[PDB]
>>> print(open('run.cif').read())   # mmCIF, C-alpha atoms
data_work
#
loop_
_atom_site.label_atom_id
_atom_site.label_comp_id
_atom_site.auth_asym_id
_atom_site.auth_seq_id
_atom_site.Cartn_x
_atom_site.Cartn_y
_atom_site.Cartn_z
CA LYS A 19 -104.65 -9.19 8.60
CA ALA A 20 -100.87 -9.86 8.59
CA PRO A 21 -98.88 -7.36 6.37
CA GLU A 22 -99.29 -7.05 2.59
CA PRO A 23 -96.35 -8.44 0.57
CA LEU A 24 -93.64 -5.87 -0.27
CA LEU A 25 -92.39 -5.61 -3.85
CA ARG A 26 -88.98 -6.86 -2.77
CA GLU A 27 -90.59 -10.02 -1.29
CA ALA A 28 -92.62 -10.66 -4.45
CA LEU A 29 -89.59 -9.96 -6.70
CA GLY A 30 -87.38 -12.19 -4.52
CA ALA A 31 -89.89 -15.04 -4.73
CA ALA A 32 -90.04 -14.61 -8.55
CA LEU A 33 -86.21 -14.69 -8.82
CA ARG A 34 -86.10 -17.83 -6.68
CA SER A 35 -88.64 -19.55 -8.93
CA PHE A 36 -86.71 -18.54 -12.13
CA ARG A 37 -83.53 -19.91 -10.53
CA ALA A 38 -85.24 -23.15 -9.48
CA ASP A 39 -86.71 -23.57 -12.97
CA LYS A 40 -83.23 -23.26 -14.47
CA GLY A 41 -81.89 -25.79 -11.93
CA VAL A 42 -79.12 -23.37 -10.89
CA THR A 43 -77.84 -23.29 -7.29
CA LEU A 44 -77.71 -20.17 -5.07
CA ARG A 45 -73.89 -20.15 -5.21
CA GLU A 46 -73.91 -20.68 -8.99
CA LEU A 47 -76.19 -17.72 -9.62
CA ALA A 48 -74.37 -15.63 -7.02
CA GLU A 49 -70.98 -16.10 -8.74
CA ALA A 50 -72.57 -15.49 -12.19
CA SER A 51 -74.15 -12.24 -10.82
CA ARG A 52 -70.98 -11.04 -9.05
CA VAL A 53 -72.74 -11.03 -5.65
CA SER A 54 -72.28 -13.15 -2.48
CA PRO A 55 -74.68 -16.11 -1.89
CA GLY A 56 -75.78 -14.34 1.34
CA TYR A 57 -76.69 -11.26 -0.69
CA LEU A 58 -78.63 -13.36 -3.22
CA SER A 59 -80.33 -15.31 -0.44
CA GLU A 60 -81.46 -12.04 1.24
CA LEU A 61 -82.65 -10.71 -2.16
CA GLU A 62 -84.65 -13.93 -2.73
CA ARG A 63 -86.12 -13.66 0.78
CA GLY A 64 -87.34 -10.05 0.28
CA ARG A 65 -84.72 -8.59 2.59
CA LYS A 66 -82.80 -6.46 0.08
CA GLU A 67 -83.84 -3.52 -2.01
CA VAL A 68 -81.98 -4.13 -5.34
CA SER A 69 -80.91 -1.39 -7.79
CA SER A 70 -82.42 -1.63 -11.28
CA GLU A 71 -78.92 -2.28 -12.71
CA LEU A 72 -78.22 -5.15 -10.34
CA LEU A 73 -81.63 -6.67 -10.97
CA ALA A 74 -80.90 -6.53 -14.70
CA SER A 75 -77.59 -8.36 -14.03
CA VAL A 76 -79.18 -11.17 -12.00
CA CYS A 77 -81.88 -11.62 -14.67
CA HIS A 78 -79.28 -11.67 -17.50
CA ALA A 79 -77.40 -14.38 -15.55
CA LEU A 80 -80.69 -16.36 -15.36
CA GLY A 81 -81.32 -15.71 -19.06
CA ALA A 82 -84.61 -14.10 -18.04
CA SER A 83 -86.03 -10.69 -18.96
CA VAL A 84 -86.72 -8.26 -16.09
CA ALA A 85 -90.24 -7.88 -17.61
CA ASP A 86 -90.94 -11.61 -17.15
CA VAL A 87 -89.55 -11.63 -13.58
CA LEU A 88 -91.66 -8.54 -12.77
CA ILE A 89 -94.89 -10.01 -14.11
CA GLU A 90 -94.21 -13.21 -12.10
CA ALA A 91 -93.65 -11.01 -9.01
CA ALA A 92 -97.16 -9.56 -9.54
CA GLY A 93 -98.43 -13.11 -8.92
CA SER A 94 -97.04 -12.86 -5.36
CA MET A 95 -98.52 -9.47 -4.37
CA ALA A 96 -101.65 -10.89 -2.77
CA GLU B 22 -84.65 -3.31 -21.70
CA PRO B 23 -85.74 -0.25 -19.73
CA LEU B 24 -84.59 -0.14 -16.11
CA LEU B 25 -87.06 -1.28 -13.48
CA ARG B 26 -87.18 2.22 -11.97
CA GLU B 27 -88.04 3.67 -15.41
CA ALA B 28 -90.85 1.15 -15.90
CA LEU B 29 -92.27 1.60 -12.39
CA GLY B 30 -92.15 5.36 -12.60
CA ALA B 31 -93.85 5.48 -15.99
CA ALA B 32 -96.58 3.15 -14.62
CA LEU B 33 -97.11 5.44 -11.61
CA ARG B 34 -97.32 8.43 -13.99
CA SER B 35 -99.86 6.55 -16.14
CA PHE B 36 -102.03 5.66 -13.14
CA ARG B 37 -101.86 9.24 -11.87
CA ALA B 38 -102.89 10.51 -15.38
CA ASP B 39 -105.76 8.03 -15.59
CA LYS B 40 -107.14 9.25 -12.26
CA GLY B 41 -106.74 12.93 -13.22
CA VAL B 42 -104.64 13.57 -10.11
CA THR B 43 -102.09 16.42 -10.01
CA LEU B 44 -98.40 15.84 -9.21
CA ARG B 45 -98.65 18.19 -6.21
CA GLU B 46 -101.77 16.45 -4.83
CA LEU B 47 -100.33 12.92 -5.08
CA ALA B 48 -96.98 14.04 -3.70
CA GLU B 49 -98.58 15.66 -0.67
CA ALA B 50 -100.90 12.68 -0.08
CA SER B 51 -97.71 10.58 -0.17
CA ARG B 52 -95.94 12.96 2.25
CA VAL B 53 -93.11 13.56 -0.25
CA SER B 54 -92.03 16.58 -2.30
CA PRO B 55 -93.50 16.97 -5.79
CA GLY B 56 -89.97 17.30 -7.27
CA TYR B 57 -89.16 13.84 -5.81
CA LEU B 58 -92.39 12.36 -7.19
CA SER B 59 -91.44 13.79 -10.61
CA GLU B 60 -87.96 12.20 -10.37
CA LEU B 61 -89.55 8.84 -9.47
CA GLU B 62 -92.04 9.07 -12.37
CA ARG B 63 -89.16 9.62 -14.81
CA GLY B 64 -87.05 6.78 -13.36
CA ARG B 65 -84.38 9.09 -11.94
CA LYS B 66 -84.44 7.36 -8.55
CA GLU B 67 -85.21 3.87 -7.35
CA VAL B 68 -88.83 3.25 -6.37
CA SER B 69 -88.52 1.35 -3.07
CA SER B 70 -91.09 -1.30 -2.03
CA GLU B 71 -92.35 0.94 0.79
CA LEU B 72 -92.52 4.10 -1.31
CA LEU B 73 -94.28 2.19 -4.09
CA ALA B 74 -96.88 0.93 -1.59
CA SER B 75 -97.39 4.41 -0.10
CA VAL B 76 -97.89 6.18 -3.48
CA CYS B 77 -100.21 3.36 -4.69
CA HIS B 78 -102.21 3.65 -1.49
CA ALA B 79 -102.55 7.42 -2.05
CA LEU B 80 -103.55 6.70 -5.66
CA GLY B 81 -106.13 4.06 -4.74
CA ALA B 82 -104.17 1.67 -6.99
CA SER B 83 -103.10 -1.88 -6.24
CA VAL B 84 -99.34 -2.31 -6.44
CA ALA B 85 -99.86 -5.51 -8.50
CA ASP B 86 -101.65 -3.55 -11.25
CA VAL B 87 -98.82 -1.01 -11.35
CA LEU B 88 -96.34 -3.90 -11.71
CA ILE B 89 -98.35 -5.42 -14.57
CA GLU B 90 -98.32 -2.01 -16.36
CA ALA B 91 -94.56 -1.56 -15.68
CA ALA B 92 -93.81 -5.02 -17.08
CA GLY B 93 -95.87 -4.27 -20.22
CA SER B 94 -93.99 -1.05 -20.87
CA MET B 95 -90.66 -2.94 -20.74
CA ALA B 96 -91.37 -5.71 -23.19
CA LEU B 97 -88.72 -5.99 -25.87
CA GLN B 98 -90.29 -9.27 -26.96
#
>>> encode(input="run.cif", output="structure tokens")
Amino acid sequence: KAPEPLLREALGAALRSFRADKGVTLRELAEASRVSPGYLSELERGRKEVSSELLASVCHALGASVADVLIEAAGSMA
Amino acid sequence: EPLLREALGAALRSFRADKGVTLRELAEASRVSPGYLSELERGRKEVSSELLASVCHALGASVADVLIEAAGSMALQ
């Protein structure tokens, strides 16, 4: 079939859903995370490989644990 | 909270242990050096999406199961 999801795609989709749940805009999270909205958008779309430290920062800004974001990302691997 | 790379690497190590596969065997099947695989297992280096998929494929493991294990190892709560 078409390609398997990449981790970064599944993780980006998880991050987007945690952001949407919190009702926070792209720009809002971007400023909170000290990244550009373009960067965040590309992360959310599975087009950036994020360092562990930056992922931890984005999750802290969402008030989410990395563990919870990662388990959600598993839900997008099929 | 552990770093993602630490969690992912420990999960890969666990899955390798469970299958009784040697570091050198899995590294070679993954077309990487065994020293690099060791670094990844100990969270010394980021585990990229593509590398994760390639090592899991060599392991006969689904990436999702490795993520579930990684997330479990990280729990503070």
>>> closest_residue(input="run.cif", among="A:96, A:82, A:90, A:57", to="residue 22 (chain B)", atoms="only C-alpha atoms")
A:82
>>> closest_residue(input="run.cif", among="B:79, B:48, B:42, B:74", to="chain A", atoms="all atoms listed in the file")
B:74
>>> closest_residue(input="run.cif", among="A:92, A:72, A:47, A:79", to="chain B", atoms="only C-alpha atoms")
A:92
>>> interface_residues(input="run.cif", of="chain A", to="chain B", cutoff="12 Å", atoms="only C-alpha atoms", output="ChimeraX atom specification")
/A:21-30,64-75,77-78,82-96
>>> resolve_selection(input="run.cif", expression="the PyMOL selection byres ((chain B and resi 50) around 12)", output="JSON list (two decimals) with C-alpha atoms, keeping the file's coordinate frame")
[["chain", "number", "residue", "atom", "x", "y", "z"],
["B", 42, "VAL", "CA", -104.64, 13.57, -10.11],
["B", 43, "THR", "CA", -102.09, 16.42, -10.01],
["B", 44, "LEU", "CA", -98.40, 15.84, -9.21],
["B", 45, "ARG", "CA", -98.65, 18.19, -6.21],
["B", 46, "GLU", "CA", -101.77, 16.45, -4.83],
["B", 47, "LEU", "CA", -100.33, 12.92, -5.08],
["B", 48, "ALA", "CA", -96.98, 14.04, -3.70],
["B", 49, "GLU", "CA", -98.58, 15.66, -0.67],
["B", 51, "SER", "CA", -97.71, 10.58, -0.17],
["B", 52, "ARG", "CA", -95.94, 12.96, 2.25],
["B", 53, "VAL", "CA", -93.11, 13.56, -0.25],
["B", 54, "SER", "CA", -92.03, 16.58, -2.30],
["B", 55, "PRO", "CA", -93.50, 16.97, -5.79],
["B", 58, "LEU", "CA", -92.39, 12.36, -7.19],
["B", 75, "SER", "CA", -97.39, 4.41, -0.10],
["B", 76, "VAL", "CA", -97.89, 6.18, -3.48],
["B", 77, "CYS", "CA", -100.21, 3.36, -4.69],
["B", 78, "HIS", "CA", -102.21, 3.65, -1.49],
["B", 79, "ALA", "CA", -102.55, 7.42, -2.05],
["B", 80, "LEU", "CA", -103.55, 6.70, -5.66],
["B", 81, "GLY", "CA", -106.13, 4.06, -4.74]]
>>> atom_distance(input="run.cif", atom1="CA of residue 62 (chain A)", atom2="CA of residue 62 (chain B)")
26.0 Å
>>> closest_residue(input="run.cif", among="A:33, A:58, A:20, A:76", to="residue 45 (chain A)", atoms="all atoms listed in the file")
A:58
>>> atom_distance(input="run.cif", atom1="CA of residue 33 (chain B)", atom2="CA of residue 60 (chain B)")
11.4 Å
>>> atom_distance(input="run.cif", atom1="CA of residue 82 (chain B)", atom2="CA of residue 32 (chain A)")
21.6 Å
>>> axis_aligned_box(input="run.cif", around="region 46-61 of chain A", padding_each_side="3 Å", output="AutoDock Vina command-line options")
--center_x -76.8 --center_y -15.7 --center_z -5.4 --size_x 17.7 --size_y 16.0 --size_z 19.5
>>> decode(input="run.cif", residues="chain A", atoms="C-alpha atoms", output="PDB file, in the first residue's frame")
ATOM      1  CA  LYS A  19       0.000   0.000   0.000  1.00  0.00           C
ATOM      2  CA  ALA A  20       0.888   3.712   0.443  1.00  0.00           C
ATOM      3  CA  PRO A  21       3.789   4.297   2.970  1.00  0.00           C
ATOM      4  CA  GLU A  22       3.610   3.422   6.681  1.00  0.00           C
ATOM      5  CA  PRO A  23       3.357   6.455   9.000  1.00  0.00           C
ATOM      6  CA  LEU A  24       6.711   7.797  10.250  1.00  0.00           C
ATOM      7  CA  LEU A  25       7.169   8.473  13.963  1.00  0.00           C
ATOM      8  CA  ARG A  26       7.462  12.195  13.267  1.00  0.00           C
ATOM      9  CA  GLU A  27       4.055  12.151  11.504  1.00  0.00           C
ATOM     10  CA  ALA A  28       2.411  10.251  14.366  1.00  0.00           C
ATOM     11  CA  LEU A  29       4.077  12.499  16.987  1.00  0.00           C
ATOM     12  CA  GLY A  30       3.089  15.625  15.030  1.00  0.00           C
ATOM     13  CA  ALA A  31      -0.532  14.467  14.836  1.00  0.00           C
ATOM     14  CA  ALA A  32      -0.496  13.786  18.626  1.00  0.00           C
ATOM     15  CA  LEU A  33       0.934  17.268  19.350  1.00  0.00           C
ATOM     16  CA  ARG A  34      -1.728  18.851  17.148  1.00  0.00           C
ATOM     17  CA  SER A  35      -4.487  17.012  19.011  1.00  0.00           C
ATOM     18  CA  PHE A  36      -3.054  18.040  22.453  1.00  0.00           C
ATOM     19  CA  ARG A  37      -2.913  21.652  21.208  1.00  0.00           C
ATOM     20  CA  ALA A  38      -6.470  21.500  19.861  1.00  0.00           C
ATOM     21  CA  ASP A  39      -7.716  19.990  23.129  1.00  0.00           C
ATOM     22  CA  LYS A  40      -6.168  22.878  25.048  1.00  0.00           C
ATOM     23  CA  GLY A  41      -7.745  25.373  22.610  1.00  0.00           C
ATOM     24  CA  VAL A  42      -4.349  27.015  21.997  1.00  0.00           C
ATOM     25  CA  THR A  43      -3.489  28.510  18.580  1.00  0.00           C
ATOM     26  CA  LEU A  44      -0.406  27.589  16.498  1.00  0.00           C
ATOM     27  CA  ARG A  45       1.114  31.037  17.103  1.00  0.00           C
ATOM     28  CA  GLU A  46       0.328  30.862  20.833  1.00  0.00           C
ATOM     29  CA  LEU A  47       2.082  27.532  21.273  1.00  0.00           C
ATOM     30  CA  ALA A  48       4.915  28.595  18.988  1.00  0.00           C
ATOM     31  CA  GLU A  49       5.695  31.699  21.096  1.00  0.00           C
ATOM     32  CA  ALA A  50       5.355  29.669  24.336  1.00  0.00           C
ATOM     33  CA  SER A  51       7.802  27.049  22.889  1.00  0.00           C
ATOM     34  CA  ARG A  52      10.297  29.626  21.567  1.00  0.00           C
ATOM     35  CA  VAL A  53       9.882  28.359  17.970  1.00  0.00           C
ATOM     36  CA  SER A  54       8.369  29.948  14.815  1.00  0.00           C
ATOM     37  CA  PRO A  55       4.757  29.019  13.850  1.00  0.00           C
ATOM     38  CA  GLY A  56       6.194  27.625  10.562  1.00  0.00           C
ATOM     39  CA  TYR A  57       8.487  25.350  12.567  1.00  0.00           C
ATOM     40  CA  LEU A  58       5.601  24.184  14.769  1.00  0.00           C
ATOM     41  CA  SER A  59       3.355  23.698  11.743  1.00  0.00           C
ATOM     42  CA  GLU A  60       6.027  21.518  10.044  1.00  0.00           C
ATOM     43  CA  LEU A  61       6.509  19.561  13.309  1.00  0.00           C
ATOM     44  CA  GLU A  62       2.723  18.986  13.529  1.00  0.00           C
ATOM     45  CA  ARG A  63       2.662  17.889   9.877  1.00  0.00           C
ATOM     46  CA  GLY A  64       5.437  15.269  10.337  1.00  0.00           C
ATOM     47  CA  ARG A  65       7.993  17.297   8.416  1.00  0.00           C
ATOM     48  CA  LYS A  66      10.506  17.936  11.206  1.00  0.00           C
ATOM     49  CA  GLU A  67      12.623  15.593  13.250  1.00  0.00           C
ATOM     50  CA  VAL A  68      12.543  17.196  16.755  1.00  0.00           C
ATOM     51  CA  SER A  69      15.276  16.829  19.408  1.00  0.00           C
ATOM     52  CA  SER A  70      14.182  15.197  22.674  1.00  0.00           C
ATOM     53  CA  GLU A  71      14.870  18.499  24.501  1.00  0.00           C
ATOM     54  CA  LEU A  72      12.708  20.539  22.147  1.00  0.00           C
ATOM     55  CA  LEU A  73       9.912  17.980  22.309  1.00  0.00           C
ATOM     56  CA  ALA A  74      10.035  18.222  26.094  1.00  0.00           C
ATOM     57  CA  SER A  75       9.737  22.034  25.782  1.00  0.00           C
ATOM     58  CA  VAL A  76       6.695  21.926  23.480  1.00  0.00           C
ATOM     59  CA  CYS A  77       4.999  19.391  25.786  1.00  0.00           C
ATOM     60  CA  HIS A  78       5.768  21.494  28.909  1.00  0.00           C
ATOM     61  CA  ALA A  79       4.186  24.495  27.116  1.00  0.00           C
ATOM     62  CA  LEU A  80       1.087  22.314  26.461  1.00  0.00           C
ATOM     63  CA  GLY A  81       1.140  21.113  30.081  1.00  0.00           C
ATOM     64  CA  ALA A  82       1.379  17.571  28.714  1.00  0.00           C
ATOM     65  CA  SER A  83       3.869  14.817  29.560  1.00  0.00           C
ATOM     66  CA  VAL A  84       6.031  13.489  26.713  1.00  0.00           C
ATOM     67  CA  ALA A  85       4.864   9.982  27.796  1.00  0.00           C
ATOM     68  CA  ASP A  86       1.217  10.899  27.134  1.00  0.00           C
ATOM     69  CA  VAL A  87       2.029  12.523  23.768  1.00  0.00           C
ATOM     70  CA  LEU A  88       4.076   9.439  22.802  1.00  0.00           C
ATOM     71  CA  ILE A  89       1.348   6.958  23.689  1.00  0.00           C
ATOM     72  CA  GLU A  90      -1.152   9.075  21.678  1.00  0.00           C
ATOM     73  CA  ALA A  91       1.318   9.000  18.750  1.00  0.00           C
ATOM     74  CA  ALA A  92       1.212   5.171  18.895  1.00  0.00           C
ATOM     75  CA  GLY A  93      -2.488   5.504  18.009  1.00  0.00           C
ATOM     76  CA  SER A  94      -1.423   7.024  14.652  1.00  0.00           C
ATOM     77  CA  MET A  95       1.159   4.413  13.605  1.00  0.00           C
ATOM     78  CA  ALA A  96      -1.252   2.293  11.592  1.00  0.00           C
TER      79      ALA A  96
END
